[PDB]
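Residue numbers (the working numbering), protein chains in the order written: chain A, 207 to 424; chain B, 617 to 828. Every residue gets a Cβ at the ideal spot worked out from N, C-alpha and C, and that includes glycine. First comes the structure, then the notes that go with it.
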Amino acid sequence: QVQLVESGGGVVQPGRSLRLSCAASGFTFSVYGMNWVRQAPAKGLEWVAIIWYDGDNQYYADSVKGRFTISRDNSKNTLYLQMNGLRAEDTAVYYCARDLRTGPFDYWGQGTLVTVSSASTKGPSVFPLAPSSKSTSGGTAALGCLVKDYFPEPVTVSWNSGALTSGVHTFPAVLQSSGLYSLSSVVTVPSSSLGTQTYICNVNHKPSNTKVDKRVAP
Amino acid sequence: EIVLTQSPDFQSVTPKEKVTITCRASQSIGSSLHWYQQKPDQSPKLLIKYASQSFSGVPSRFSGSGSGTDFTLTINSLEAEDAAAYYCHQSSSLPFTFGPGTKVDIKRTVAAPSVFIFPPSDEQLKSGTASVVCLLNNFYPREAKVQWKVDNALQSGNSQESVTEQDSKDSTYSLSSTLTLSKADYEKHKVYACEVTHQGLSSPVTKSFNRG
């Protein structure tokens with residue numbers, strides 16, 4: 207079966223370099239042209255570069271030309287992307303895509319995330335979003351946790367050690383002007399349960415080895 | 617440079633109904649136009665190659681048509697799994713380009729959001745920052761706008777919002793908007809309000825609180 211697996215993605219400071227790789231299997235690699243396609247947060251697919259079958263020819267999108275170098279090693283069944291002079295705008299999921307006679311991109315990898323930031327690894331501060339009559343509507347009360355100022359992504363948020371799943375909404379993270387991420391996780395419960403039922407958000411941030419449990423009181 | 621534009625930007629489809637989305641090219645590209653489906657945070661997949669050729673493994677309900685500058689992707693009898701972003705891409709001339717995408721979602725009855733405003737916690741205020749949260753819960757369609765008002769004065773540039781993907785259970789969306797001010801700026805004002813506009817509401821709804 208045709209498979210493409212990207213690797214090398216991670217956190218990189220602006221102006222620095224990073225090399226991505228794409229491991230190909232289930233087909234003769236040297237038969238096909240290969241491409242890099244990226245997707246920045248809340249943006250569409252952006253073609254990055256193409257390399258022909260034997261690596262003798264390359265072409266780049268205007269956004270990367272002069273900064274990125276596409277290459278390949280046919281005996282290694284590997285495609286590379288050498289990225290130089292990285293900028294905040296380069297933050298994206300980078301996909302490896304097989305080219306069918308320079309036509310459609312028939313097979314794509316899972317992608318590798320590249321984060322271009324000058325921010326350092328930081329654990330989140332967890333704040334409650336307290337329920338009351340003000341957060342009560344039609345027999346239901348809303349409460350939550352604000353997971354502020356962490357870097358890099360992701361954070362995992364569970365409620366009452368994963369026992370509470372109904373009425374849970376964990377919002378996508380937002381990148382603040384500070385370069386730190388922030389997210390809110392909310393839960394809607396019967397309004398009568400406030401004062402009788404305990405609600406705790408379990409926040410885990412793997413990159414900084416941080417585990418925070420916050421009691422959300424009315 | 618060949619530019620691709622897709623229309624509409626967003627479309628809502630009822631299951632079992634037919635849907636046609638378009639891709640327009642800046643210059644003639646013949647039949648060198650390909651269609652892709654992409655679900656949130658997932659790998660894109662090829663649907664139609666060279667404007668009208670079905671790709672191996674793609675369900676028979678997907679079809680493509682067009683030549684030159686005008687292209688169409690048709691989903692005959694839409695299934696729930698077809699809610700995704702659809703992109704077109706031209707292989708006619710270098711540099712290769714993609715269209716901006718068309719987001720297709722599941723159509724359901726209009727649902728107004730339940731709006732709640734959360735003052736900053738006392739713990740956060742101690743650290744010198746105040747985050748005010750406006751929650752818009754379980755609404756349809758996806759289009760919604762949040763307007764922060766501080767003592768009836770419309771705010772700008774000091775808020776950030778996040779929207780969930782379409783819920784697999786009830787087909788609604790939820791949105792959270794955070795207004796961020798320093799402790800000193802927060803204490804200079806009394807009334808904090810968030811005004812929500814949505815198709816499900818005849819008049820925009822306002823939820824507020826008094827700081828003191």
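Item	Value
Straight-line Cα distance separating residue 742/B from residue 797/B	13 Å
Residue-chain proximity (residue 256/A, chain B), Cβ-Cβ < 9 Å	yes
Where residue 741/B falls: helix, strand or coil (DSSP)	helix
Helix, strand or coil at residue 799/B according to DSSP, with G and I counted as helix	helix
Beta-carbon contacts of residue 239/A that lie in its chain and below 7 Å, excluding the five residues immediately before and after	256, 257, 258, 259, 305, 308
Nearest-angstrom Cβ-Cβ length linking residue 352/A and residue 414/A, presumed shorter than 8 Å	Not confirmed; about 17 Å, so no contact.
Interface residues of chain A facing residue 749/B [CB-CB closer than 7 Å]	335, 352, 390
Interfacial residues, the region 223 to 237 of chain A to chain B, with Cβ spacing under 8 Å	none
Validate contact between the region 333 to 348 of chain A and the region 270 to 288 of chain A using beta carbons, cut 8 Å, 3 pairs	no
Residue 781/B, DSSP secondary structure in three states	coil
Test: residue 803/B CB closer than 9 Å to a CB of chain A	no
Contact set for residue 235/A: own chain, Cβ-Cβ below 7 Å, skip 5 residues either direction	280, 283
Every unbroken beta strand (DSSP E) within the region 280 to 320 of chain A, with a cutoff of 3 residues, ordered by chain	284 to 289, 298 to 305, 311 to 314
Complete runs of the beta strand (DSSP E) confined to the region 356 to 404 of chain A [at least 3 residues]	362 to 365, 374 to 376, 387 to 396
Members of the region 685 to 704 of chain B near chain A, C-beta cut-off 8 Å	701, 703
Residue 640/B versus residue 677/B: straight-line alpha-carbon distance, rounded	22 Å
contact_flag[the region 657 to 669 of chain B, the region 713 to 728 of chain B] where n(CB pairs < 8 Å) is 3 or more	no
Chain-ordered neighbours of residue 822/B on chain A, where CB pairs are closer than 9 Å	The contacting residues do not exist; residue 822/B stays about 13 Å from chain A at best.
Cβ neighbour criterion (16 or more within 10 Å) applied to residue 729/B	buried
Reference residue 622/B, options 704/B, 661/B, 666/B, 822/B, closest by Cα	704/B
C-alpha gap between residue 366/A and residue 420/A, whole angstroms	10 Å
Chain B contact residues for residue 242/A, given Cβ-Cβ distances below 9 Å	Within chain B, no residue comes near residue 242/A; the closest Cβ sits about 11 Å away, beyond 9 Å.
Partners in chain A for residue 717/B, counting only beta-carbon separations shorter than 7 Å	250
Backbone CA spacing between residue 808/B and residue 790/B [nearest angstrom]	21 Å
Proximity below 9 Å, CB of residue 683/B to CB of residue 646/B	yes
Helix, strand or coil at residue 413/A [DSSP, three-state]	helix
C-beta contact flag for residue 788/B and residue 755/B at 9 Å	yes
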